[PDB]
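Position 75 (the sequence shown) corresponds to 75 in the authors' numbering; numbering is contiguous.
Structure first, then comments.
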Amino acid sequence: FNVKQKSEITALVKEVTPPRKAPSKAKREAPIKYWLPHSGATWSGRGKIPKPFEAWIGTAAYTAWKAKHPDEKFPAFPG
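Right under this line is the structure:
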């Protein structure tokens, strides 16, 4: 959906057909609907965290973002 609030979920052991569990860095996060059409992206493998993106997409852009959507994005500062 276009209006759909956030979900940030912790890393899990990998999906594989036989019983052999690889230690996968799994990150499942929503950033912004203005840049990506689905906010809620699953990556099992490379350690992606969209906090330096969502922080610079909020440092000044949050006042224009709040006119475009109600409070869909997580209110992040650069820290």
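Ideal Cβ positions, reconstructed from N, Cα and C, are used throughout, including at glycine.
What does the Cβ neighbour count give for residue i, buried or exposed, with the cut at 16 atoms within 10 Å?
i          : result
residue 15 : exposed
residue 1  : exposed
residue 4  : exposed
Spatial neighbours of residue i within its chain, please: C-beta separation below 6 angstroms, excluding the five flanking residues on both sides.
i          : result
residue 25 : 11, 47
residue 42 : 28
residue 13 : 21
Tell me whether the beta-carbon of residue i lies closer than 8 angstroms to the beta-carbon of residue j.
i          : j          : result
residue 44 : residue 30 : no
residue 28 : residue 49 : no
residue 78 : residue 55 : yes
By Cβ distance, which residues of its chain are closer than 8 angstroms to residue i, with the 5 residues on each side in sequence left out?
i          : result
residue 34 : 65, 68, 69
In the DSSP assignment, what residue or residues form a beta bridge with residue i?
i          : result
residue 28 : 9, 42
Excluding the 5 residues flanking residue i on each side, which residues of the same chain have their C-beta closer than 7 angstroms to its C-beta?
i          : result
residue 76 : 51, 54, 55, 58
residue 74 : 6, 54
Cβ contact check for the region 57-64 and the region 7-22: 3 or more pairs under 8 angstroms: Too few Cβ pairs lie closer than 8 angstroms, so no.
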